[PDB]
>>> print(open('my_file25.csv').read())   # CSV, C-alpha atoms and all ligand atoms
chain,number,residue,atom,x,y,z
R,326,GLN,CA,-100.9,-69.5,47.4
R,327,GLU,CA,-97.4,-68.7,48.6
R,328,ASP,CA,-99.0,-66.5,51.4
R,329,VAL,CA,-101.4,-69.0,52.9
R,330,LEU,CA,-98.4,-71.4,53.2
R,331,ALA,CA,-96.2,-68.7,54.7
R,332,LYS,CA,-98.9,-67.9,57.3
R,333,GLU,CA,-99.2,-71.6,58.2
R,334,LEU,CA,-95.4,-71.8,58.6
R,335,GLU,CA,-95.5,-69.2,61.4
R,336,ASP,CA,-96.6,-72.0,63.7
R,337,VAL,CA,-93.3,-73.9,63.2
R,338,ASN,CA,-92.4,-73.3,66.9
R,339,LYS,CA,-95.7,-74.6,68.2
R,340,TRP,CA,-96.8,-78.1,69.2
R,341,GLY,CA,-99.6,-79.1,66.9
R,342,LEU,CA,-98.5,-77.4,63.6
R,343,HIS,CA,-101.0,-78.4,60.9
R,344,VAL,CA,-98.6,-80.6,59.0
R,345,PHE,CA,-101.2,-82.1,56.7
R,346,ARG,CA,-102.3,-78.6,55.6
R,347,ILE,CA,-98.7,-77.6,55.0
R,348,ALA,CA,-98.2,-80.8,52.9
R,349,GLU,CA,-101.2,-79.7,50.7
R,350,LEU,CA,-100.2,-76.1,50.5
R,351,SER,CA,-96.6,-76.9,49.6
R,352,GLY,CA,-97.5,-79.4,46.9
R,353,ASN,CA,-96.4,-82.4,49.0
R,354,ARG,CA,-93.1,-80.7,50.1
R,355,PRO,CA,-93.8,-80.6,53.8
R,356,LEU,CA,-90.3,-81.9,54.7
R,357,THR,CA,-88.5,-79.5,52.4
R,358,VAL,CA,-90.4,-76.3,53.5
R,359,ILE,CA,-90.4,-77.2,57.2
R,360,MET,CA,-86.7,-78.1,57.2
R,361,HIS,CA,-85.9,-75.0,55.3
R,362,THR,CA,-87.9,-72.8,57.6
R,363,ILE,CA,-86.3,-74.4,60.7
R,364,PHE,CA,-82.7,-74.0,59.3
R,365,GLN,CA,-83.4,-70.3,58.7
R,366,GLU,CA,-85.0,-69.9,62.2
R,367,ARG,CA,-82.0,-71.5,63.8
R,368,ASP,CA,-79.5,-69.7,61.6
R,369,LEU,CA,-77.9,-73.0,60.6
R,370,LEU,CA,-77.1,-72.1,57.0
R,371,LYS,CA,-74.9,-69.2,58.2
R,372,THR,CA,-73.4,-71.0,61.1
R,373,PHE,CA,-72.4,-74.1,59.0
R,374,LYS,CA,-71.9,-72.3,55.7
R,375,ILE,CA,-74.5,-74.2,53.9
R,376,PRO,CA,-75.2,-72.8,50.4
R,377,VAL,CA,-79.0,-72.4,50.3
R,378,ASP,CA,-79.2,-74.2,46.9
R,379,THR,CA,-77.3,-77.1,48.2
R,380,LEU,CA,-79.7,-77.3,51.2
R,381,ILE,CA,-82.9,-77.2,49.0
R,382,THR,CA,-81.5,-79.7,46.5
R,383,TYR,CA,-80.6,-82.1,49.3
R,384,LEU,CA,-84.0,-81.6,51.0
R,385,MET,CA,-85.9,-82.3,47.8
R,386,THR,CA,-83.8,-85.3,47.1
R,387,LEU,CA,-84.3,-86.6,50.7
R,388,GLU,CA,-88.0,-86.0,50.5
R,389,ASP,CA,-88.2,-87.7,47.1
R,390,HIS,CA,-86.9,-90.9,48.7
R,391,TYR,CA,-89.7,-91.2,51.1
R,392,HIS,CA,-92.4,-93.3,49.5
R,393,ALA,CA,-95.6,-91.5,48.4
R,394,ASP,CA,-97.5,-94.8,48.5
R,395,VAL,CA,-96.7,-95.6,52.1
R,396,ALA,CA,-99.5,-94.2,54.3
R,397,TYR,CA,-97.7,-93.6,57.5
R,398,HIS,CA,-93.9,-93.8,57.1
R,399,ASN,CA,-93.6,-91.1,54.4
R,400,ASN,CA,-92.4,-87.5,54.1
R,401,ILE,CA,-95.3,-86.1,56.1
R,402,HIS,CA,-94.3,-88.3,59.1
R,403,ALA,CA,-90.7,-87.2,58.5
R,404,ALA,CA,-91.7,-83.5,58.5
R,405,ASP,CA,-93.8,-84.0,61.7
R,406,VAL,CA,-90.9,-85.6,63.6
R,407,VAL,CA,-88.5,-82.8,62.5
R,408,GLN,CA,-90.9,-80.1,63.6
R,409,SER,CA,-91.6,-81.9,66.8
R,410,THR,CA,-87.9,-82.4,67.6
R,411,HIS,CA,-87.5,-78.7,66.8
R,412,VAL,CA,-90.1,-77.8,69.5
R,413,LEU,CA,-88.6,-80.2,72.1
R,414,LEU,CA,-85.1,-78.7,71.5
R,415,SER,CA,-86.6,-75.2,72.4
R,416,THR,CA,-87.9,-76.4,75.8
R,417,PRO,CA,-86.9,-73.9,78.6
R,418,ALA,CA,-85.3,-76.7,80.6
R,419,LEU,CA,-82.8,-77.3,77.7
R,420,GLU,CA,-82.0,-73.7,76.9
R,421,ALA,CA,-78.3,-73.4,75.8
R,422,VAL,CA,-77.6,-77.0,76.9
R,423,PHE,CA,-76.8,-78.3,73.4
R,424,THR,CA,-74.3,-77.0,70.8
R,425,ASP,CA,-75.2,-75.9,67.3
R,426,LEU,CA,-73.5,-79.2,66.0
R,427,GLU,CA,-75.7,-81.2,68.4
R,428,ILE,CA,-78.8,-79.3,67.3
R,429,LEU,CA,-78.0,-79.9,63.6
R,430,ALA,CA,-77.5,-83.6,64.4
R,431,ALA,CA,-80.8,-84.0,66.1
R,432,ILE,CA,-82.7,-82.3,63.3
R,433,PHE,CA,-80.9,-84.0,60.4
R,434,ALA,CA,-81.4,-87.4,62.2
R,435,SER,CA,-85.1,-86.6,62.5
R,436,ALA,CA,-85.3,-85.7,58.8
R,437,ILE,CA,-83.7,-88.9,57.6
R,438,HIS,CA,-84.9,-91.2,60.3
R,439,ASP,CA,-87.4,-93.1,58.1
R,440,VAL,CA,-86.2,-92.4,54.6
R,441,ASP,CA,-86.9,-95.1,52.0
R,442,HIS,CA,-89.2,-97.0,54.4
R,443,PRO,CA,-91.0,-99.7,52.4
R,444,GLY,CA,-94.0,-99.7,54.7
R,445,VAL,CA,-93.4,-103.1,56.4
R,446,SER,CA,-91.6,-104.1,59.6
R,447,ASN,CA,-88.1,-105.4,60.3
R,448,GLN,CA,-89.6,-108.8,61.0
R,449,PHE,CA,-91.3,-109.0,57.6
R,450,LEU,CA,-88.0,-108.2,56.0
R,451,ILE,CA,-86.2,-110.8,58.0
R,452,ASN,CA,-88.8,-113.5,57.3
R,453,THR,CA,-88.7,-113.0,53.5
R,454,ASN,CA,-84.9,-113.1,53.4
R,455,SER,CA,-84.8,-109.7,51.7
R,456,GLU,CA,-81.5,-108.4,50.5
R,457,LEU,CA,-81.8,-105.7,53.2
R,458,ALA,CA,-82.0,-108.2,56.1
R,459,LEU,CA,-79.1,-110.0,54.5
R,460,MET,CA,-76.9,-106.9,54.3
R,461,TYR,CA,-77.7,-105.9,57.8
R,462,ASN,CA,-77.5,-109.3,59.4
R,463,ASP,CA,-81.1,-109.0,60.7
R,464,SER,CA,-80.2,-106.3,63.2
R,465,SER,CA,-82.1,-103.0,63.1
R,466,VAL,CA,-82.6,-103.5,59.4
R,467,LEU,CA,-84.8,-100.6,58.5
R,468,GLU,CA,-82.9,-98.2,60.8
R,469,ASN,CA,-79.5,-99.0,59.4
R,470,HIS,CA,-80.9,-98.5,56.0
R,471,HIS,CA,-82.5,-95.2,56.8
R,472,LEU,CA,-79.1,-94.0,57.9
R,473,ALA,CA,-77.2,-95.3,54.9
R,474,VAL,CA,-79.7,-93.8,52.4
R,475,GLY,CA,-79.7,-90.5,54.3
R,476,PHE,CA,-75.9,-90.2,54.2
R,477,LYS,CA,-75.6,-91.6,50.7
R,478,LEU,CA,-77.8,-88.9,49.2
R,479,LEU,CA,-75.3,-86.3,50.2
R,480,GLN,CA,-73.3,-87.5,47.2
R,481,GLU,CA,-76.0,-86.7,44.6
R,482,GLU,CA,-75.4,-83.5,42.5
R,483,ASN,CA,-75.2,-80.4,44.7
R,484,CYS,CA,-76.4,-82.3,47.7
R,485,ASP,CA,-73.5,-82.1,50.2
R,486,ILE,CA,-74.9,-79.8,52.8
R,487,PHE,CA,-71.9,-80.6,55.1
R,488,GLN,CA,-69.2,-79.7,52.5
R,489,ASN,CA,-68.0,-76.8,54.7
R,490,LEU,CA,-67.8,-78.6,58.1
R,491,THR,CA,-64.4,-79.5,59.3
R,492,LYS,CA,-63.4,-83.1,59.5
R,493,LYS,CA,-63.8,-83.2,63.3
R,494,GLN,CA,-67.3,-81.6,63.0
R,495,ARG,CA,-68.3,-84.1,60.4
R,496,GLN,CA,-67.1,-87.1,62.4
R,497,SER,CA,-68.9,-85.8,65.5
R,498,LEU,CA,-72.1,-85.1,63.6
R,499,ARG,CA,-72.0,-88.4,61.9
R,500,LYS,CA,-71.6,-90.3,65.2
R,501,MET,CA,-74.5,-88.4,66.8
R,502,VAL,CA,-76.8,-88.9,63.9
R,503,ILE,CA,-76.0,-92.6,63.8
R,504,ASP,CA,-76.6,-93.0,67.6
R,505,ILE,CA,-79.9,-91.2,67.3
R,506,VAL,CA,-81.4,-93.0,64.4
R,507,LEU,CA,-80.5,-96.5,65.7
R,508,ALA,CA,-82.3,-95.6,68.9
R,509,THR,CA,-85.6,-95.2,66.9
R,510,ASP,CA,-85.9,-99.0,66.5
R,511,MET,CA,-88.8,-99.9,68.9
R,512,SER,CA,-86.8,-102.9,70.1
R,513,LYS,CA,-84.6,-100.5,71.9
R,514,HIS,CA,-87.5,-98.7,73.6
R,515,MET,CA,-87.4,-100.4,77.1
R,516,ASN,CA,-83.6,-99.8,77.5
R,517,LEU,CA,-83.9,-96.2,76.4
R,518,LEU,CA,-86.8,-95.6,78.8
R,519,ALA,CA,-84.9,-97.4,81.6
R,520,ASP,CA,-81.9,-95.1,81.0
R,521,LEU,CA,-84.2,-92.0,80.8
R,522,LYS,CA,-85.6,-93.0,84.2
R,523,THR,CA,-82.2,-93.3,85.8
R,524,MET,CA,-81.3,-89.9,84.5
R,525,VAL,CA,-84.4,-88.5,85.9
R,526,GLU,CA,-83.7,-90.2,89.3
R,527,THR,CA,-80.3,-88.5,89.5
R,528,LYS,CA,-81.3,-85.3,87.6
R,529,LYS,CA,-79.0,-82.3,88.1
R,530,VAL,CA,-79.9,-78.8,87.1
R,531,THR,CA,-77.6,-75.9,86.5
R,532,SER,CA,-77.3,-72.5,88.2
R,533,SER,CA,-79.4,-71.0,85.4
R,534,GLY,CA,-82.0,-73.8,86.0
R,535,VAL,CA,-81.4,-75.9,82.9
R,536,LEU,CA,-80.4,-79.6,82.6
R,537,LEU,CA,-76.8,-80.4,83.5
R,538,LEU,CA,-75.2,-82.9,81.1
R,539,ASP,CA,-71.6,-83.7,81.8
R,540,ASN,CA,-70.5,-86.3,79.3
R,541,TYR,CA,-71.2,-87.6,75.8
R,542,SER,CA,-73.3,-90.6,77.2
R,543,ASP,CA,-75.7,-88.3,79.0
R,544,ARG,CA,-75.9,-85.8,76.1
R,545,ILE,CA,-76.6,-88.4,73.4
R,546,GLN,CA,-79.1,-90.2,75.7
R,547,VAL,CA,-81.3,-87.1,76.0
R,548,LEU,CA,-81.0,-86.5,72.2
R,549,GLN,CA,-81.9,-90.1,71.5
R,550,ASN,CA,-84.9,-89.9,73.9
R,551,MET,CA,-85.9,-86.5,72.5
R,552,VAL,CA,-86.2,-87.9,69.0
R,553,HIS,CA,-87.8,-91.1,70.2
R,554,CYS,CA,-90.4,-88.9,71.9
R,555,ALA,CA,-90.9,-86.9,68.7
R,556,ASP,CA,-91.3,-90.2,66.8
R,557,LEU,CA,-93.9,-91.3,69.4
R,558,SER,CA,-95.6,-87.9,69.7
R,559,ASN,CA,-98.8,-88.5,67.7
R,560,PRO,CA,-101.0,-89.4,70.7
R,561,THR,CA,-99.9,-86.1,72.3
R,562,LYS,CA,-101.1,-83.8,69.4
R,563,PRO,CA,-104.5,-82.1,69.1
R,564,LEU,CA,-107.1,-84.9,68.5
R,565,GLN,CA,-107.8,-84.0,64.9
R,566,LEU,CA,-104.1,-84.6,64.1
R,567,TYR,CA,-103.8,-87.7,66.3
R,568,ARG,CA,-106.8,-89.4,64.5
R,569,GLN,CA,-105.3,-88.9,61.1
R,570,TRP,CA,-102.1,-90.4,62.2
R,571,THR,CA,-104.0,-93.4,63.6
R,572,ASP,CA,-105.8,-93.8,60.3
R,573,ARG,CA,-102.6,-93.8,58.5
R,574,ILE,CA,-100.6,-96.3,60.7
R,575,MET,CA,-103.7,-98.7,60.6
R,576,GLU,CA,-103.9,-98.4,56.8
R,577,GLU,CA,-100.2,-99.3,56.7
R,578,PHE,CA,-100.4,-102.1,59.2
R,579,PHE,CA,-103.4,-103.6,57.3
R,580,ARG,CA,-101.5,-103.6,54.0
R,581,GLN,CA,-98.7,-105.5,55.7
R,582,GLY,CA,-101.3,-107.9,57.1
R,583,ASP,CA,-102.9,-108.5,53.7
R,584,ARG,CA,-99.4,-109.2,52.4
R,585,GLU,CA,-98.7,-111.7,55.2
R,586,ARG,CA,-102.0,-113.4,54.6
R,587,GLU,CA,-101.6,-113.9,50.8
R,588,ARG,CA,-98.0,-115.2,51.4
R,589,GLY,CA,-99.1,-117.7,54.0
R,590,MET,CA,-97.2,-116.0,56.9
R,591,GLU,CA,-98.2,-115.5,60.5
R,592,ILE,CA,-100.0,-112.2,60.5
R,593,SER,CA,-98.2,-109.6,62.7
R,594,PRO,CA,-99.9,-108.1,65.8
R,595,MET,CA,-102.4,-105.3,64.9
R,596,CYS,CA,-102.0,-106.0,61.2
R,597,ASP,CA,-105.2,-108.1,60.8
R,598,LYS,CA,-108.1,-106.0,59.4
R,599,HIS,CA,-110.5,-108.8,60.0
R,600,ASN,CA,-109.4,-109.1,63.7
R,601,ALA,CA,-108.9,-105.5,64.8
R,602,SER,CA,-109.7,-103.2,67.7
R,603,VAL,CA,-108.2,-99.8,66.7
R,604,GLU,CA,-109.4,-97.9,69.7
R,605,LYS,CA,-108.4,-100.5,72.3
R,606,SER,CA,-105.0,-100.7,70.6
R,607,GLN,CA,-104.5,-97.0,70.9
R,608,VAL,CA,-105.4,-97.1,74.6
R,609,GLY,CA,-102.9,-100.0,75.0
R,610,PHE,CA,-100.2,-98.2,73.1
R,611,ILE,CA,-100.7,-95.1,75.3
R,612,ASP,CA,-100.8,-97.1,78.6
R,613,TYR,CA,-97.8,-99.2,78.0
R,614,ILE,CA,-95.5,-97.2,75.7
R,615,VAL,CA,-96.4,-93.5,75.1
R,616,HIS,CA,-97.5,-92.4,78.5
R,617,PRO,CA,-94.6,-94.1,80.3
R,618,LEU,CA,-92.2,-92.4,77.9
R,619,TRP,CA,-93.8,-88.9,78.0
R,620,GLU,CA,-94.3,-88.9,81.7
R,621,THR,CA,-90.6,-89.6,82.3
R,622,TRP,CA,-89.7,-87.0,79.7
R,623,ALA,CA,-92.1,-84.6,81.4
R,624,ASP,CA,-90.2,-85.2,84.7
R,625,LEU,CA,-86.9,-84.4,83.1
R,626,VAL,CA,-88.0,-81.1,81.7
R,627,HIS,CA,-90.6,-80.3,84.5
R,628,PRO,CA,-92.8,-78.4,84.1
R,629,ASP,CA,-92.2,-77.6,80.3
R,630,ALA,CA,-94.2,-80.6,79.0
R,631,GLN,CA,-97.3,-80.5,81.3
R,632,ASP,CA,-99.7,-79.4,78.5
R,633,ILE,CA,-98.4,-82.2,76.2
R,634,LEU,CA,-99.0,-84.7,78.9
R,635,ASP,CA,-102.5,-83.3,79.6
R,636,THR,CA,-103.4,-83.7,75.9
R,637,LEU,CA,-102.1,-87.2,75.9
R,638,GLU,CA,-104.5,-88.0,78.7
R,639,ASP,CA,-107.5,-86.3,77.1
R,640,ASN,CA,-106.8,-88.3,73.9
R,641,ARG,CA,-106.5,-91.6,75.8
R,642,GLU,CA,-110.0,-91.0,77.2
R,643,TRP,CA,-111.3,-90.2,73.8
R,644,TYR,CA,-110.2,-93.5,72.4
R,645,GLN,CA,-111.3,-95.4,75.6
R,646,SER,CA,-114.8,-93.9,75.1
R,647,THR,CA,-114.8,-95.0,71.5
R,648,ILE,CA,-114.2,-98.7,72.0
R,649,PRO,CA,-117.1,-100.9,70.8
R,650,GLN,CA,-118.5,-102.5,74.0
R,701,LIG,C1,-95.2,-99.1,66.7
R,701,LIG,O1,-96.6,-98.7,66.9
R,701,LIG,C2,-97.0,-97.4,66.5
R,701,LIG,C3,-96.1,-96.6,65.8
R,701,LIG,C4,-96.5,-95.3,65.4
R,701,LIG,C5,-97.8,-94.9,65.7
R,701,LIG,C6,-98.2,-93.6,65.3
R,701,LIG,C7,-99.4,-93.2,65.4
R,701,LIG,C8,-100.4,-94.1,66.1
R,701,LIG,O2,-101.6,-93.7,66.0
R,701,LIG,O3,-100.1,-95.3,66.7
R,701,LIG,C9,-98.7,-95.7,66.4
R,701,LIG,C10,-98.3,-97.0,66.8
R,701,LIG,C11,-99.3,-97.8,67.5
R,701,LIG,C12,-100.3,-98.4,66.6
R,701,LIG,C13,-101.1,-99.4,67.0
R,701,LIG,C14,-101.7,-100.4,66.0
R,701,LIG,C15,-101.2,-99.7,68.5
R,702,ZN,ZN,-88.5,-95.8,62.2
R,703,ZN,ZN,-90.6,-92.7,62.5
>>> encode(input="my_file25.csv", output="C-alpha cells")
Amino acid sequence: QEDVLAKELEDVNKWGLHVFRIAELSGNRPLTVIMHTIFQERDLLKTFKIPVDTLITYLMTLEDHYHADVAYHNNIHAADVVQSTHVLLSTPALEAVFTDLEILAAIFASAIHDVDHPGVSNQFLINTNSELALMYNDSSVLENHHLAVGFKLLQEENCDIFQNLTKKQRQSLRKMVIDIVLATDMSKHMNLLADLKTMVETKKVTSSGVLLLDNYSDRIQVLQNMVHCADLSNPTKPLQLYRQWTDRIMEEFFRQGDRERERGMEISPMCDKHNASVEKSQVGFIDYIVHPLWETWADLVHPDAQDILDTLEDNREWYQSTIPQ
C-alpha cells in the first residue's frame, strides 16, 4: 500500500494532515516517513550532506525510543509536532527569515522534543525521587532528558546525521536545539508568552513584508514560540483530529492519576478519572493557554494564521456545547 501512503504524504505542507492515518499506513512509522518527506522537500540532505541511510537509521532509532504504550507522548505526537512546525516555518510572514541551519534546528528539536517520555509529569518524577529528577536537580527534568536522549542516539551505529556539519555549525545547531526544547516545559509558558507579546508590540517588518529579526535573542524567541505553538496545536486542528488528541491525553493523565492513587500520592489536576470534566477542561485550556498563545502568534504573522485561529474558536464552542449541564 506504498501508494496510498504516498498520496497521504502529499498533504505534508497542510495544516490538518491526517497523522493517525499516516501512522497506520506506514506501519507505525509516522515520525520516520514524515521527517524523511520533510527533509527531501526542504533539500536538507543535500544542503547538509546527510547520507540518506544515516538519516533513515537515525529516524528509526529516534522513533523506536518513543514509547508505544504511552497514549499521548509517543511517536505520533512527535510526528505531529514536526509537521506542524514545518507548516509554521512556511508561513508567508517568515519567508526567507531563517537560515537553513535554523530551519534544521527547529525541525530536529520538534522531532526529539518528547523522546523517551515515560507518560508522567515532571512533578511525579520529582515526588518519587526518580534517578531522572536526581540527575537533573528537579529542573525541567523530562525536557533535559528528551534533549540528552535525542543527542545521545546520534552515537548509535550509522546514526550521526550531523557528521558533515562544520564544528561551528554543530555548535550553533546544538545551542538552538537546546534552547528550543527547554522552552517546551509548560512552566516556561507565561514568560514565553510575555516575551512574544512584547515582540508583537514592537513588531518590525522588512521591505519585502516579512518579520525583521535583528539578533539571536529575537530569532530564538520566535523559534521557541513556534515550536511551543506546534506543541500546543491540537485544539487548532480539524475537530476529528482534535478529539483523538483529547482522548489520548486524557487516557495518559488518567493512568498517571491511577498511579498516584495506588501509591497514596495527591492526585494531579485533571488526572482523576472519578472526578473529571473533560469538556470543561478543554474549554479552560483553550481560554487560558491555547487561545492567548495562538492569538499573539496570529498577530505576529498577521494575517497568515487567521484560519487556524477560526478553527480554534469553532472547536472551543464544540466542547462548550458538550459540557454536561
Ligand atoms: C498540558 O496540558 C495539555 C497538553 C497537551 C494537550 C494536547 C491535547 C489536548 O487535548 O489537551 C492537552 C492539554 C490539556 C489537557 C487537559 C486535561 C486540560
Ligand atoms: Zn514535552
Ligand atoms: Zn510535546
>>> closest_atom_pairs(input="my_file25.csv", of="segment 326-360 of chain R", to="segment 412-424 of chain R", cutoff="12 Å", atoms="all atoms listed in the file", output="JSON lines")
{"residue": "R:336", "atom": "CA", "partner": "R:412", "partner_atom": "CA", "distance": 10.5}
{"residue": "R:337", "atom": "CA", "partner": "R:412", "partner_atom": "CA", "distance": 8.1}
{"residue": "R:338", "atom": "CA", "partner": "R:412", "partner_atom": "CA", "distance": 5.7}
{"residue": "R:339", "atom": "CA", "partner": "R:412", "partner_atom": "CA", "distance": 6.6}
{"residue": "R:340", "atom": "CA", "partner": "R:412", "partner_atom": "CA", "distance": 6.7}
{"residue": "R:341", "atom": "CA", "partner": "R:412", "partner_atom": "CA", "distance": 9.9}
{"residue": "R:342", "atom": "CA", "partner": "R:412", "partner_atom": "CA", "distance": 10.3}
>>> residues_around(input="my_file25.csv", residues="segment 566-580 of chain R", least_positions_apart="6", cutoff="9 Å", atoms="only C-alpha atoms", output="list in words")
residues 341, 343, 344, 345, 395, 396, 397, 398, 402, 444, 445, 558, 559, 560, 593, 594, 595, 596, 597, 598, 603, 607 and 640 of chain R
>>> residues_near_ligand(input="my_file25.csv", ligand="ligand ZN 702 (chain R)", cutoff="10 Å", atoms="all atoms listed in the file", output="list in words")
residues 398, 402, 403, 435, 437, 438, 439, 440, 442, 446, 447, 465, 467, 468, 469, 471, 506, 507, 508, 509, 510, 511, 553 and 556 of chain R
>>> atom_distance(input="my_file25.csv", atom1="atom CA of residue 392 of chain R", atom2="atom CA of residue 410 of chain R")
21.6 Å
>>> residues_around(input="my_file25.csv", residues="residue 488 of chain R", least_positions_apart="6", cutoff="12 Å", atoms="only C-alpha atoms", output="ChimeraX atom specification")
/R:370,373-376,379-380,479-480,494-495
>>> residues_around(input="my_file25.csv", residues="residue 328 of chain R", least_positions_apart="3", cutoff="12 Å", atoms="only C-alpha atoms", output="PyMOL selection string")
chain R and resi 331-335+347+350-351
>>> residues_around(input="my_file25.csv", residues="residue 538 of chain R", least_positions_apart="4", cutoff="10 Å", atoms="all atoms listed in the file", output="list in words")
residues 422, 423, 524, 528, 529, 530, 531, 542, 543, 544, 545, 546 and 547 of chain R
>>> closest_residue(input="my_file25.csv", among="R:620, R:405, R:349, R:632", to="ligand LIG 701 (chain R)", atoms="all atoms listed in the file")
R:405
>>> closest_residue(input="my_file25.csv", among="R:536, R:357, R:449, R:482", to="residue 586 of chain R", atoms="all atoms listed in the file")
R:449
>>> residues_around(input="my_file25.csv", residues="residue 624 of chain R", least_positions_apart="2", cutoff="10 Å", atoms="all atoms listed in the file", output="mmCIF file with C-alpha atoms, in the frame of the given file")
data_model
loop_
_atom_site.group_PDB
_atom_site.id
_atom_site.type_symbol
_atom_site.label_atom_id
_atom_site.label_comp_id
_atom_site.auth_asym_id
_atom_site.auth_seq_id
_atom_site.Cartn_x
_atom_site.Cartn_y
_atom_site.Cartn_z
ATOM 1 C CA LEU R 521 -84.200 -92.000 80.800
ATOM 2 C CA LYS R 522 -85.600 -93.000 84.200
ATOM 3 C CA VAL R 525 -84.400 -88.500 85.900
ATOM 4 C CA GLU R 526 -83.700 -90.200 89.300
ATOM 5 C CA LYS R 528 -81.300 -85.300 87.600
ATOM 6 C CA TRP R 619 -93.800 -88.900 78.000
ATOM 7 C CA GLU R 620 -94.300 -88.900 81.700
ATOM 8 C CA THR R 621 -90.600 -89.600 82.300
ATOM 9 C CA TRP R 622 -89.700 -87.000 79.700
ATOM 10 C CA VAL R 626 -88.000 -81.100 81.700
ATOM 11 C CA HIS R 627 -90.600 -80.300 84.500
ATOM 12 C CA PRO R 628 -92.800 -78.400 84.100
ATOM 13 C CA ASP R 629 -92.200 -77.600 80.300
ATOM 14 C CA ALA R 630 -94.200 -80.600 79.000
ATOM 15 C CA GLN R 631 -97.300 -80.500 81.300
#
>>> atom_distance(input="my_file25.csv", atom1="atom CA of residue 429 of chain R", atom2="atom CA of residue 483 of chain R")
19.1 Å
>>> atom_distance(input="my_file25.csv", atom1="atom CA of residue 464 of chain R", atom2="atom CA of residue 433 of chain R")
22.5 Å
>>> closest_residue(input="my_file25.csv", among="R:611, R:552, R:625, R:633", to="ligand LIG 701 (chain R)", atoms="all atoms listed in the file")
R:611
>>> closest_residue(input="my_file25.csv", among="R:389, R:381, R:534, R:401", to="residue 356 of chain R", atoms="all atoms listed in the file")
R:401
>>> closest_residue(input="my_file25.csv", among="R:554, R:473, R:601, R:490", to="ligand ZN 703 (chain R)", atoms="all atoms listed in the file")
R:554
>>> closest_residue(input="my_file25.csv", among="R:634, R:354, R:391, R:426", to="residue 372 of chain R", atoms="all atoms listed in the file")
R:426
